[PDB]
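Only the coordinates and a few stated rules stand behind these numbers; no lab work does. For neighbour counting, all protein chains shown are included, and Cβ atoms are generated from backbone atoms with ideal geometry for every residue, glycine included.
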Amino acid sequence: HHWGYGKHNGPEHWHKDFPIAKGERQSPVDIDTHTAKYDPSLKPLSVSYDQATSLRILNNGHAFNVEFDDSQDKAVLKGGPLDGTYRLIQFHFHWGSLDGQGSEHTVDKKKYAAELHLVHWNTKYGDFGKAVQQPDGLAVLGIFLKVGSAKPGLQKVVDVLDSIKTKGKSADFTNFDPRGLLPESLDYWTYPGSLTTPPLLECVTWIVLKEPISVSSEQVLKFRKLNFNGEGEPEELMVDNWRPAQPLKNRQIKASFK
Ligand SMILES: Cn1sc(=O)c2cc(S(N)(=O)=O)ccc21
Ligand SMILES: [Zn+2]
């Protein structure tokens, strides 16, 4: 049947319906800190989330997304390795079934408990659907989560999970400020990649931050209580919704720090 993270439809099977799975700029990848090149011509990142407007939280069967109003330049990302402005459309996570796995990208082979992806699309393309047809159409900001102290800004997200337990369920989620999900430092690694789930479009400039955020065990735990399945179907916990690291190939991971 269709893709998932199961034994019979997981990442190793994706290439059959989506041949781009074995492409040249596939994500995620392993970030080798010692092999990454320090680039001083990289400008700092500019995250402007002060006018961010969250509208809804949804369980799409693969993860839960928090969508934002992208009808205007409310929550934008610019600078760094980017040209022009990028609108935040939505954010989601990738987590594991154990605290030692869940992230997609790895640092020196190290996996984190989960990984946050704040998806943005280039405004010079008018809409998201047009941006996913360009090599510089998207910019995803990736943040790692490690278990430790609880992250206050994440709790509002965690409390709403009960109402979007099964595939297809959604719920109003207004007034969520994405700024409480940012680590103190904006140091990052940048490289050209792609979406990590089908259709696996190589339209992404990946911006992975060096500094991870801490989330309590109890917070990550509630993520694992979500279901892949729709209501009325056999229960399949939403765990391990992460894709293995892919071959870097003819690519270079640049760093904005040394
Ligand atoms: C189908 N859509 S819409 C969107 O914003 C998005 C993002 C990613 S990710 N895990 O590579 O960021 C994967 C798929 C996807
Ligand atoms: Zn993702």
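Looking only at the stretch 92-111, residues that are farther than 20 Å from residue 45 by Cβ, within 16 Å of the chain's Cα centre (by Cα) and more than 10 Å from ligand 1 (Cβ to nearest atom) come to 6 in all.
The residue pairs whose first member lies in the stretch 92-104 and is more than 16 Å from residue 30 (Cβ to Cβ) and touching a residue at least 60 places away in the same chain (Cβ under 8 Å), whose second member is within 9 Å of ligand 1 (Cβ to nearest atom) and among the charged types (D, E, K, R), and whose beta carbons are closer than 8 Å, counting only pairs six or more residues apart or on different chains, are 93/115; 95/115.
Is there a residue in the stretch 104-121 that is buried (at least 20 other Cβ atoms within 10 Å of the Cβ) and more than 16 Å from ligand 2 (Cβ to nearest atom)? No, every residue in the stretch 104-121 fails to be buried (at least 20 other Cβ atoms within 10 Å of the Cβ) and more than 16 Å from ligand 2 (Cβ to nearest atom). Looking at the stretch 216-237, is at least one residue touching a residue at least 24 places away in the same chain (Cβ under 8 Å) and within 30 Å of residue 83 (Cβ to Cβ)? Looking through the stretch 216-237, none of the residues is touching a residue at least 24 places away in the same chain (Cβ under 8 Å) and within 30 Å of residue 83 (Cβ to Cβ). Taking the stretch 185-212 as the region of interest, how many residues are within 16 Å of ligand 2 (Cβ to nearest atom) and free of Cβ contacts under 8 Å to residues at least 40 places away in the same chain? Residues meeting the conditions: 0. Contact annotation: residue pairs with Cβ atoms under 6 Å, 6 or more positions apart or on different chains, pairing a residue in the stretch 141-161 that is over 24 Å from residue 48 (Cα atoms) with a partner that is acidic (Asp, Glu) and crowded, with 16+ Cβ neighbours inside 10 Å, are 147/99. Is there a residue being hydroxyl-bearing (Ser, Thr, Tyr), more than 14 Å from ligand 1 (Cβ to nearest atom) and closer than 15 Å to residue 244 by Cα anywhere in the stretch 130-149? Within the stretch 130-149, none of the residues are hydroxyl-bearing (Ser, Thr, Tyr), more than 14 Å from ligand 1 (Cβ to nearest atom) and closer than 15 Å to residue 244 by Cα. The criterion of being more than 12 Å from ligand 1 (Cβ to nearest atom) and either in a strand (DSSP E or B) or surrounded by 21 or more Cβ atoms within 10 Å (Cβ to Cβ) (or both) does not hold for residue 89.
Tell me which of these residue 63 doesn't satisfy, since it passes every other one: (1) within 16 Å of ligand 2 (Cβ to nearest atom); (2) farther than 29 Å from residue 161 by Cα. The number of the failed condition is (2).
So is residue 166 more than 16 Å from ligand 2 (Cβ to nearest atom), among the β-branched types (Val, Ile, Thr) and within 19 Å of residue 221 (Cα to Cα) or not? Yes. Taken together, 42, 55, 98 contain a single residue that is within 27 Å of residue 147 (Cβ to Cβ) and of a type in the set (A, V, I, L, M, F, W, C), which is 98.
If you check residue 233 against the conditions, is it touching an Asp or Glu at 6+ places or on another chain (Cβ under 8 Å), over 22 Å from residue 137 (Cβ atoms) and part of a loop (DSSP other than H, G, I, E, B)? No; evaluated as a whole, the condition is false for this residue. The set of residues in the stretch 157-200 being of a type in the set (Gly, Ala, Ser), away from ligand 1 (no atom under 15 Å from the Cβ) and under 30 Å from residue 20 (Cα atoms) consists of 168 alone. Checked against the criterion of being closer than 18 Å to residue 76 by Cα and surrounded by fewer than 20 Cβ atoms within 10 Å (Cβ to Cβ), the candidates 180, 142, 153 yield just one match: 180.
On inspection, residue 184 does not qualify as part of a helix (DSSP H, G or I) and over 15 Å from the mean Cα position of the chain (by Cα). Just for the stretch 112-129: of the residues that are within 16 Å of ligand 1 (Cβ to nearest atom) and part of a helix (DSSP H, G or I), which one is nearest to residue 84 (Cα to Cα)? Taking the candidates together, the pick is 123.
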